[PDB]
Amino acid sequence: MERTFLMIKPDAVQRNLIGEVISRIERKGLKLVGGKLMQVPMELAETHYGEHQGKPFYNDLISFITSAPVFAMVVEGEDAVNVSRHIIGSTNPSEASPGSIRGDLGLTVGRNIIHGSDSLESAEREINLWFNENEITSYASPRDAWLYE
Ligand SMILES: O=c1ccn([C@@H]2O[C@H](COP(=O)(O)OP(=O)(O)O)[C@@H](O)[C@H]2O)c(=O)[nH]1
Ligand SMILES: [Mg+2]
């Protein structure tokens with residue numbers, strides 16, 4: 001089943017919103033399958049945000065993502081990548097739909113609560129970067145039969 005990489009950013013961690021954010025992910029039907037609180041090493045931050053390497057918001061992104069712990073997640077469900085993006089909302093929390101995580105909780109683009117892989121491609125890449133296979137569990141859940149056909 002489709003998987004995506006989600007990460008609760010240091011802003012959410014320092015605002016004490018880890019439970020609130022997990023709740024919104026869980027209640028949507030997405031299954032938490034990998035989850036860990038971690039300090040982000042430099043090596044991992046730079047390679048994770050490799051694609052932004054030249055841009056104005058770069059140096060800041062790196063020191064921000066390394067400034068306090070994150071909660072890194074692997075999440076499973078039909079159409080998980082796009083479903084997660086939908087409940088996360090637009091990059092800019094001012095454009096993000098009310099009721100989305102960023103729409104309800106965040107204020108500025110640089111401090112937008114949570115990251116979600118933007119594609120199947122980057123999901124696979126991000127998952128492998130942050131997690132080893134043995135940290136990722138598989139398990140059937142009682143509600144699985146009521147989420148899908
Ligand atoms: O103008 C911008 C665009 C992005 N970002 C930061 O860089 C991250 C990656 O941006 P992107 O639009 O590629 O992905 P998204 O955050 O929407 O998943 C964002 O989460 C922002 O925190 C920023 O600070 N300023
Ligand atoms: Mg986005």
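If you check the header, you will see the structure was determined by X-ray crystallography, 2.5 Å.
For all residues, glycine too, the Cβ spot is worked out from N, Cα and C.
Features as listed in Swiss-Prot:
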ACT_SITE  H115  active site, pros-phosphohistidine intermediate
BINDING   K9, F57, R85, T91, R102, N112  ATP binding site
Any idea what the Cα distance is from the residue listed as 'active site, pros-phosphohistidine intermediate' over to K9 (ATP binding site), rounded to a whole Å? 7
CB contacts under 8 angstroms to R102 (ATP binding site), restricted to the same chain and 6+ apart in sequence, sorted by sequence, are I88, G89, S90, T91, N92, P93, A96, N112, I113, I114
Among the recorded positions listed here, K9, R85, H115, which has the most company in the form of other Cβ atoms within 10 Å of its Cβ? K9
Which one, from the binding-site residues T91, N112, has the smallest tally of other C-beta atoms lying within 10 Å of its C-beta? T91
Taking ligand 2 as the reference, state which of the recorded positions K9, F57, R102, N112, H115 have a Cβ closer than 6 Å to one of its atoms. none
Taking only the binding-site residues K9, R85, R102, which have a CB closer than 6 angstroms to any atom that belongs to ligand 1? none
